Amino acid sequence: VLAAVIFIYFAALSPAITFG
């Protein structure tokens with residue numbers, strides 16, 4: 001389950017890092 005949590009963390013850093 002730890003692997004899955006890290007996958008969603010990166011998915012949230014895509015739209016959070018972009019300035020659009």
# chains A, B, ... in the order shown; residues from 1 in each chain; ligands from 1
$ select_by_dssp --residues "chain A" --states "alpha helix (DSSP H)" --output "list in words"
residues 2, 3, 4, 5, 6, 7, 8, 9, 10, 11, 12, 13, 14, 15, 16 and 17 of chain A
$ atom_distance --atom1 "atom CA of residue 3 of chain A" --atom2 "atom CA of residue 18 of chain A"
23.9 Å
$ decode --residues "chain A" --atoms "N, CA and C atoms" --output "CSV table (one decimal), in the first residue's frame"
chain,number,residue,atom,x,y,z
A,1,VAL,N,0.9,-1.2,0.0
A,1,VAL,CA,0.0,0.0,0.0
A,1,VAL,C,0.9,1.3,0.0
A,2,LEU,N,2.1,1.2,0.6
A,2,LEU,CA,3.0,2.3,0.6
A,2,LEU,C,3.3,2.8,-0.8
A,3,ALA,N,3.5,1.9,-1.7
A,3,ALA,CA,3.8,2.2,-3.1
A,3,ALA,C,2.7,3.1,-3.7
A,4,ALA,N,1.5,2.6,-3.6
A,4,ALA,CA,0.3,3.4,-4.1
A,4,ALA,C,0.3,4.8,-3.6
A,5,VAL,N,0.4,5.0,-2.3
A,5,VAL,CA,0.4,6.3,-1.7
A,5,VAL,C,1.5,7.2,-2.4
A,6,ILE,N,2.7,6.7,-2.6
A,6,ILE,CA,3.7,7.5,-3.3
A,6,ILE,C,3.3,7.9,-4.7
A,7,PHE,N,2.6,7.0,-5.4
A,7,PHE,CA,2.1,7.3,-6.8
A,7,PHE,C,1.2,8.4,-6.8
A,8,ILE,N,0.3,8.5,-5.8
A,8,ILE,CA,-0.7,9.6,-5.8
A,8,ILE,C,0.0,10.9,-5.4
A,9,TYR,N,1.1,10.8,-4.6
A,9,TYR,CA,1.8,12.0,-4.2
A,9,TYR,C,2.4,12.7,-5.4
A,10,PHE,N,3.0,11.9,-6.3
A,10,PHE,CA,3.6,12.5,-7.5
A,10,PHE,C,2.5,13.1,-8.4
A,11,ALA,N,1.4,12.4,-8.5
A,11,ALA,CA,0.2,12.8,-9.3
A,11,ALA,C,-0.3,14.2,-8.9
A,12,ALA,N,-0.2,14.5,-7.6
A,12,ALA,CA,-0.6,15.8,-7.1
A,12,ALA,C,0.5,16.8,-7.3
A,13,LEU,N,1.7,16.4,-7.4
A,13,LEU,CA,2.8,17.4,-7.6
A,13,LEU,C,2.9,17.9,-9.1
A,14,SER,N,2.1,17.3,-10.0
A,14,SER,CA,2.1,17.7,-11.4
A,14,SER,C,1.4,19.1,-11.6
A,15,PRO,N,0.2,19.1,-11.1
A,15,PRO,CA,-0.7,20.3,-11.2
A,15,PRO,C,-0.4,21.3,-10.1
A,16,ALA,N,0.3,20.9,-9.1
A,16,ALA,CA,0.7,21.8,-8.0
A,16,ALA,C,2.0,22.6,-8.3
A,17,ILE,N,2.9,21.9,-9.1
A,17,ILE,CA,4.1,22.6,-9.5
A,17,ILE,C,3.8,23.6,-10.6
A,18,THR,N,3.0,23.2,-11.6
A,18,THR,CA,2.7,24.1,-12.7
A,18,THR,C,2.0,25.4,-12.2
A,19,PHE,N,2.2,26.5,-12.9
A,19,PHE,CA,1.6,27.8,-12.5
A,19,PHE,C,0.3,28.0,-13.4
A,20,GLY,N,-0.3,27.0,-13.9
A,20,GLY,CA,-1.5,27.2,-14.7
A,20,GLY,C,-2.7,26.4,-14.1
